[PDB]
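See structure below.
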Amino acid sequence: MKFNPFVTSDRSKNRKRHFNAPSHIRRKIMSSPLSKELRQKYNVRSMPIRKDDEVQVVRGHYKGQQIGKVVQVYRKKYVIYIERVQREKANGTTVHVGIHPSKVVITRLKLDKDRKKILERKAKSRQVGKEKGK
Amino acid sequence: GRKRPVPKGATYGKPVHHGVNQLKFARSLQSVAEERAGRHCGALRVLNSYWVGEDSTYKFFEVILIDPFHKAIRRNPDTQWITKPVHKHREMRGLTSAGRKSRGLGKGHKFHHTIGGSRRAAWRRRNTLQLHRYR
Amino acid sequence: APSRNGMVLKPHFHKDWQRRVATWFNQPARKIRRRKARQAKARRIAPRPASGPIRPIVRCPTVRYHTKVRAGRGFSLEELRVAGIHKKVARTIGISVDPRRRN
Amino acid sequence: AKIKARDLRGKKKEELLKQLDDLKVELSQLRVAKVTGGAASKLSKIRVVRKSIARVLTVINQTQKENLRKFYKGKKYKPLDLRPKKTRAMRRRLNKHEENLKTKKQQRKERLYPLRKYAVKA
Amino acid sequence: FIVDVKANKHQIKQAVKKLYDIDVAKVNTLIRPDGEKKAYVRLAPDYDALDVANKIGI
Amino acid sequence: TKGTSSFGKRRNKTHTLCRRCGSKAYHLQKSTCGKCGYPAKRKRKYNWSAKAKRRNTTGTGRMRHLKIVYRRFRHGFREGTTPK
Amino acid sequence: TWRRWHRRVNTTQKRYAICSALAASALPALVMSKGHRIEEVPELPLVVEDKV
Amino acid sequence: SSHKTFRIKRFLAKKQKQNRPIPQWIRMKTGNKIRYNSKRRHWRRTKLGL
RNA sequence: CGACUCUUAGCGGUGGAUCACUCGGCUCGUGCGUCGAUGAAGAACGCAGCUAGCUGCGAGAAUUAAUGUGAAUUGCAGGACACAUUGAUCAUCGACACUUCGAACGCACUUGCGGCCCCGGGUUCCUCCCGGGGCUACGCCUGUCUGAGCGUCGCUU
RNA sequence: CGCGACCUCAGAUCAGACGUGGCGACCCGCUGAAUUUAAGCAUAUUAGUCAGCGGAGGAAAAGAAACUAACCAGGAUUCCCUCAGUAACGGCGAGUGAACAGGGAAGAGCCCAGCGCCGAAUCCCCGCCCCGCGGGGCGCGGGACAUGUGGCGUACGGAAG
RNA sequence: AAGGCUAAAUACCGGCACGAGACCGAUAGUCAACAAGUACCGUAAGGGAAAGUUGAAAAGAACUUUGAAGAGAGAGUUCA
RNA sequence: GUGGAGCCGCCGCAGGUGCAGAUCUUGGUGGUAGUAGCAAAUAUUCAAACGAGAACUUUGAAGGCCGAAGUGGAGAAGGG
Ligand SMILES: [Mg+2]
Ligand SMILES: [Mg+2]
Ligand SMILES: [Mg+2]
Ligand SMILES: [Mg+2]
Ligand SMILES: [Mg+2]
Ligand SMILES: [Mg+2]
Ligand SMILES: [Mg+2]
Ligand SMILES: [Zn+2]
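Protein chains in written order, with the numbering used here: chain A, 3 to 136; chain B, 621 to 755; chain C, 904 to 1006; chain D, 100 to 221; chain E, 13 to 70; chain F, 753 to 836; chain G, 608 to 659; chain H, 3 to 52.
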């Protein structure tokens, strides 16, 4: 239950802060869980999705053990595009159908200098949660 | 006194408001005299004034004024009260001893028509409907 | 406009009374505000006591009330003079002084 | 060929203006390329040089106003755009010194009769 | 050319002379009703227009 | 002759646009504006129409400078720059 | 907005209703006929010790 | 008029530049709902009034 | 027989009611309570690669610098992916910049007309010769400089 | 006739400052109707409210008694609950209508002119410096203000020697 | 008495930020859920609207055919 | 049967609580009705070309009108 009297609990103001979101908040809210192999090696739960993560889809019409990299992350439409899941048009041109990153599981991160520093900070802040149990 | 500035003495109301020519302007003349002295010099702050002659037509008052930004005024902490920005234009609000005589305030049984704050601050409190929450 | 046996009434609603209405919806919101004006004053001061200085024994005026004892404003000079303490040192002891009171 | 402002600060005044006039020359001949048939590539270049031309003008003005504020530092009567803005009413408050002035009648009232701390049980 | 609307003909006549390194005979301005000032810069007969236009692109 | 033929002579204008509010109310003969009273120093506004305040009060334009004043308020009007 | 939103109840009726609200939470019929499935529970004024 | 001052004709140039249809590439944008310029002024029907 | 008219029902049309949704109100409440000559509020104009509006901006014009963030923006193109350079974007915003009218301020408001001072070149310039820069409103305070008076008076002739 | 002082006044694009306009919910100073009610209407009521005009501020105004009281007396202002729809006003018709005790919220007090006293013991401005950051000074030497009275101790609860 | 300052408790339907509700649900609620003080009207002061909804995702109906085209008849997308 | 995401019973509570009328408000649609009417200032006709298509476009010829206070040739105001 919410106790902080400075953060909302109404329906209409939480939606309005969702669809009018700034694009740096919008990478935070488009996060996806790591795979069960990979969340044990990094002891971190979920990550904001970027451009060349290997990834597979866990619910929807296109799902099931189809590791294949993302290629384009629309923040404005809250949608990643993955290189394999597509759709033929009536014209015959093939287009990417778009799926939301909550319905999607990272199977290989793309590490750079920053994705070390994001994982290490998200992992270090969990041992203090373990140290509280005294 | 003031003549009621109305065309040809026609006030167009009930007969208790035909008062063209016996009207008396409830603020004093010295308060008028300080008011058009501190109006010309809006950079000056006005303290009070006194009487220096009257003829039959004119009445003459010496109005004393204070420059808030001179360093003989902005130092000397017994003078620093007037250079504090609530005292901007004291006579257009009626705050000096010439002008505060016209508000009718003071302690007493003779002056509790203004027994909260000012004259209309009494009237607003006497004429508000103070309905509570559990009533 | 009147009727059978009832009261003859003078409601004073012949004046524009909906503009000057005061509704007390903030009155719990201010009772929890001036509690905080006391608590964050009491710890603000010292071990000096809350609710200010010490007040005198004062008997009320006006025959209806002259049989009782009330807390007054200040002790005053005559009573401060006999007790031995100075008239301007008394208000940093914690003793309020009312110089216009007579004994 | 990118222009970064953290690179430009190590340059001299004679070198910025020669490099400012340069970017005004490419920007003029791309406006010729817009009014003719033009080229797809050329039109795009038009925005990345006019924001590049504001990086040069910013470093000129920031290495002038803060070159000139170190001239008047420690002087009476320094100019109006070098005085702090803060709001109109802030400039007419007294100051952190003259609001501390206490009259000598009220200084000896303080040192003779200070406020004591006390407590009331015993 | 099309010239910024605060520019008179003495300002134009030095501005084509210093950018394009050419002599200007006379200038005739015009406010064309899209709102921008059009200038008809005539050259001195020493110069030519059909090749000065070539070195500025068109 | 009272109506549509007397609408034929409507040919010369009374009001042109004001230099201060852009209104087509700067009267040409009287040389004052209808909405703002241009050559007068104070703005022409009246309590007997709360809409005509609402058309032109503060907050209805760009607020080129009060956006910045209302923004610098919530940090106490800083002057010196950031640390790196 | 000056509708009388709020109501007074004099406090011996507040305490009258709060003795009648506690005394019916000891009768098993009234507390089960309000729907609380209290079949398997032991003794109806349930008291666990103060260690809880 | 053919006798117009500079503040008249830079007012008329502003009214003339803004009387133009929407470009066709905005109807394809994400989340618009403008589909024709509704503020269109025609020189016979609606007049500026100076 | 057919047509016409009428009453019911199906099906199609006209119309946008009902229902379900809601980035909008409205009410109450809490916290702060900040404009302007250092040019406010407002107005006008302009600014995007393709852009009329709303929005955002001011010739540094759909944004500059900085800090935070750390790979997008997206209707289509285009371009730098460089990030153990400086790093896309977005938020913050403390540095810089901020055309014209407006208290509006050289004078007028007709982009009309000046006046001094200095600068770069032309008569190497006074006596009205191009561009640029600075200055020039009213009230009023303290001080300065200049000086009016058969005002009061001194020392004189 | 000249020169010097001082008083009254001028001028300046003088050196350095200031005022203007906006917003106006609340607040302060004035100005101010009528519809309406009285089953008509003039005094009255609406109402010292609407409109008009001027000044502010984060609050404003008020405020340390030329008070309330009439007894065993209270002790600046402001706000609340009462007093009270009461004393009183009024074609005594319609209507209008405060306060003091009392209970609370909050609580805080002070300063000058004058009367005398101290050789004006005082302030502003400029100049170079002690020595400084983010600039303000007590220290130094000049120009003014000022005796037609700056500064100190003092305020009615008394004060001074 | 005819001179002066002074905090707190108090007022706030304007402002900047916030939280909520036995409220209203596109003829309602602000005039205004949207390019609303907007189009438009009046010489001017002033007046001042209409207007929410594809789908989960544009996957917005390629191609054939009749017709000069609108408009069809097939085919196709979609759970529809 | 359509429709495609919420809703209802009982015990108490609370209202912006139920329409046929108000020359009611806003929106929609009929009969009248393929009806009144598309009649001020004398007037058109032949061929051709372009075209999917011509009483109306262009051109050629014929017939006519304005008839120099014009149905001609230029402007102010206004329009933009
Ligand atoms: Mg809400
Ligand atoms: Mg009751
Ligand atoms: Mg509808
Ligand atoms: Mg930047
Ligand atoms: Mg100049
Ligand atoms: Mg003037
Ligand atoms: Mg303020
Ligand atoms: Zn105007």
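For each residue, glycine too, the CB sits at the ideal point set by N, CA and C.
Review point. Can you name the start and end residues of the alpha helix (DSSP H) that residue 123 of chain D belongs to?
Key: For residue 123 of chain D, the enclosing alpha helix (DSSP H) starts and ends at 112 to 134.
Practice item. Compare the C-beta of residue 752 of chain B against all C-beta atoms of chain C and say whether one is closer than 8 Å. Key: The beta carbon of residue 752 of chain B sits closer than 8 Å to some beta carbon of chain C.
**Study point:** For residue 974 of chain C: DSSP bridge partner residues
**Key:** Looking at the DSSP assignment, residue 974 of chain C forms a beta bridge with C:960.
Check your understanding: Sorry if obvious, but does the Cβ on residue 755 of chain B come closer than 7 Å to a heavy atom of ligand 2?
Key -> Yes - ligand 2 has a heavy atom lying nearer than 7 Å to the Cβ of residue 755 of chain B.
**Study point:** Where residue 815 of chain F falls, given that 16 or more other Cβ within 10 Å makes a residue buried
**Key:** The residue is exposed, with fewer than 16 neighbouring Cβ atoms inside 10 Å.
Check your understanding: Does the beta-carbon distance from residue 656 of chain B to residue 707 of chain B come in below 8 Å?
Key -> The Cβ atoms of residue 656 of chain B and residue 707 of chain B lie no closer than 8 Å to each other.
Practice item. Give the straight-line distance between the Cα atoms of residue 94 of chain A and residue 87 of chain A, rounded to the nearest whole angstrom. Key: Residue 94 of chain A and residue 87 of chain A have their C-alpha atoms spaced approximately 15 Å apart.
Check your understanding: For residue 73 of chain A versus residue 85 of chain A, is the C-beta spacing smaller than 8 Å?
Key -> Closer than 8 Å, so yes.
Point to revise | Residue(s) in a DSSP beta bridge with residue 58 of chain A | key: Answer is A:107.
Check your understanding: Does DSSP put residue 49 of chain A in a helix, in a strand, or in coil?
Key -> The three-state reading of DSSP puts residue 49 of chain A in strand, counting E and B together.
Exercise for review: Please classify residue 968 of chain C: does DSSP put it in a helix, a strand, or coil?
Suggested key: Residue 968 of chain C: helix per DSSP, three-state reduction.
Practice item. Counting only runs of 4+ residues fully inside the segment 667 to 748 of chain B, write out the alpha helix (DSSP H) ranges in chain order. Key: List check, alpha helix (DSSP H) in window: 691 to 694 and 739 to 746.
Check your understanding: Is the CB of residue 16 of chain E under 8 Å away from at least one CB in chain H?
Key -> Not flagged as an interface residue toward chain H: residue 16 of chain E, since no C-beta distance is shorter than 8 Å.
Practice item. For residue 61 of chain E, I'd like the list of residues in its chain whose CB is within less than 7 Å of its CB, leaving aside the five on either flank, ordered along the chain. Key: Excluding residues within five positions, the ones whose Cβ falls inside 7 Å are 55.
Practice item. Decide if residue 813 of chain F is buried, meaning its Cβ has at least 16 other Cβ atoms within 10 Å, or exposed. Key: Note on residue 813 of chain F: under 16 other CB atoms within 10 angstroms of its CB, so exposed under the neighbour-count rule.
Review point. Quick one: is residue 215 of chain D near chain C, going by C-beta distance under 8 Å?
Key: At a cut-off of 8 Å between C-beta atoms, residue 215 of chain D counts as an interface residue with respect to chain C.
Review point. Is DSSP giving residue 911 of chain C helix, strand or coil here?
Key: In this structure, residue 911 of chain C counts as coil in the three-state DSSP scheme.
Exercise for review: Measuring from each Cβ to the nearest heavy atom of ligand 1, keep the ones under 7 Å and list them in chain order.
Suggested key: Proximity annotation: ligand 1 has residues A:12, A:14 and A:15 in chain order, each selected because its CB is closer than 7 Å to a heavy atom of the ligand.
Review point. Just reading off the beta strand (DSSP E) that residue 55 of chain E is part of, what are its end residues?
Key: Under the DSSP assignment, residue 55 of chain E falls in the beta strand (DSSP E) whose first and last residues are 48 to 55.
Check your understanding: Using a Cβ-Cβ distance under 8 Å, would residue 759 of chain F count as near chain D?
Key -> With 8 Å as the cut-off, residue 759 of chain F does not count as an interface residue toward chain D.
**Study point:** Secondary structure of residue 139 of chain D, DSSP reduced to three states
**Key:** Helix, per DSSP.
Exercise for review: Please determine if the segment 825 to 833 of chain F and the segment 804 to 812 of chain F are in contact, where contact requires at least 3 C-beta pairs separated by less than 8 Å.
Suggested key: By the Cβ test, the segment 825 to 833 of chain F is not in contact with the segment 804 to 812 of chain F, since fewer than three Cβ pairs between them sit closer than 8 Å.
Practice item. Can you tell me which of the three DSSP states residue 12 of chain H falls into? Key: In the structure shown, residue 12 of chain H adopts helical secondary structure according to DSSP, grouped into three states.
Review point. Beta-carbon separation of residue 25 of chain E and residue 36 of chain E under 8 Å?
Key: Yes. Within cutoff.
Check your understanding: Do you know offhand how far residue 659 of chain B's Cα is from residue 13 of chain H's?
Key -> When rounded, the distance between both Cα atoms is 42 Å.
**Study point:** Option nearest residue 1029 of chain C by Cα separation, candidates C:923, C:939, C:959 and C:920
**Key:** Since the displayed chain C opens at 904 and closes at 1006, residue 1029 of chain C lies outside it and no answer follows.
Check your understanding: How about residue 610 of chain B and residue 636 of chain B: do their beta carbons lie closer than 8 Å?
Key -> Lying before the first or after the last residue shown, residue 610 of chain B is absent from chain B, which here runs from 621 to 755.
Check your understanding: Helix, strand or coil for residue 35 of chain A per DSSP?
Key -> Residue 35 of chain A: strand per DSSP, three-state reduction.
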